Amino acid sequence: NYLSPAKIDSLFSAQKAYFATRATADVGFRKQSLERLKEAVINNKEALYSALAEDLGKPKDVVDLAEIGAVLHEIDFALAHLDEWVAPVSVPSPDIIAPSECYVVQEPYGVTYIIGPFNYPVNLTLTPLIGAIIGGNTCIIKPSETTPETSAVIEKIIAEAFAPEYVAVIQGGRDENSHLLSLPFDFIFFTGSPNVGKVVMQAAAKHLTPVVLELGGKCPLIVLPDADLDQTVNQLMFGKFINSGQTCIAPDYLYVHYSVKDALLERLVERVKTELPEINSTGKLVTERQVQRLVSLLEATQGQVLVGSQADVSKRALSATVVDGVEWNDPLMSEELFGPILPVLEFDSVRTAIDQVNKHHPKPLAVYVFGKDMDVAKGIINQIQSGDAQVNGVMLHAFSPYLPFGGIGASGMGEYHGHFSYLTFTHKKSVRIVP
């Protein structure tokens, strides 16, 4: 079924050899590589629709926004900017080292490893791949085995665009991953849970391999007394229930000022009941196990269910759920939920709200603050370390090529997208020229 370790070693060796050919050095090569990836993605749209529907119940419109469209936009943006990015940057020379001409080169790493997660398998495998490509690297991709249909199409896309010595997909489970992690890769890009990130970095240490880790945690959505409540409910609906809550930058929990909680939940519960009435309205959880995990949490919570909490394990379905009266103590606040459940906590003092986030779940991937006072909103953001942040918005910062997407501490290290992907998949090389 999966490649044997021998064939994996052999595939790895052919990429090492291919890189040493310096085939990837010129920008003309890198640009046509992007054109071939783009073309291969477009050729396989319909297969991606079916694969993502089967694996995760993703609607076609979502796939076009968050999966296919996200990648194609990054590709087009990279193509229009690559000539600028690969150009040597000349710097001044101080007098102590004069006379000399100095400049900075962004130099490729070599053979790279991309580990793909289940939840947005196209976005989070192929967008970093763009990084590897424009940086002048080769790449081995291991998509998630828990989304088998889309992993197969990803392999088909890559096989169709590229020779395996340049870019290859290796499907596999635990055993194939630990084997690949033991190889002397030159760069490793991982997207997944904090505990597996620890495993990836530990393996990376043994070969001194630099890593980027895009991890998780619990993103708060904080609602100030002066927030536009319809706007807030809209973003909650979008952010919390897209892909059954299986999003790294999804609002994990709601942190609302006591004085607008009743009015907020009234709007929210009504819209959930109206727009998400079916048990599989949000999509599918990736595995039956995940549904059972979430059901146990619901069975253990001290909060009050306002809507939902209906589950069909065999369907991999859990209805959109809102749970009121939750404390930091609650089972729903122990771990990242990654499910269509929204626990609701209350605050009065903004200073205390800040402290509570920092104390219980610090450094999330994103902090969301909803309100009309920008000083108060920005002030909250500036006092909560997080990967990224938004005021009166959700998720869409990850779809901008101008913004460095990445976490801090337990939510990760390193950033990418746009120019930042290029800088992430190269190292800075100083050059000093003496006459």
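Numbering starts at 1 and follows the sequence shown.
Two stretches are in play, 132-140 and 300-308, and the higher mean C-alpha B-factor belongs to 300-308. For the segment pair 28-36 and 59-67, the entry gives 59-67 the higher mean B-factor, averaged over Cα atoms. Based on the entry's C-alpha B-factors, the most elevated value among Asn243, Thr125, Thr232, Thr112 belongs to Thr125.
In the PDB entry, the Cα temperature factor peaks, among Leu337, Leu318, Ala80, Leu183, at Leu183. In the PDB entry, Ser13 places in the highest third of its chain by CA B-factor. The PDB entry assigns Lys273 a C-alpha temperature factor belonging to the highest third of its chain's modelled residues.
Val394: CA B factor in the lowest third of modelled residues in this chain (values from the PDB entry). Split the chain's modelled residues into thirds by C-alpha temperature factor. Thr282 is in the lowest one. In this PDB entry, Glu165 carries a Cα temperature factor that places it within the middle third of its chain's modelled residues.
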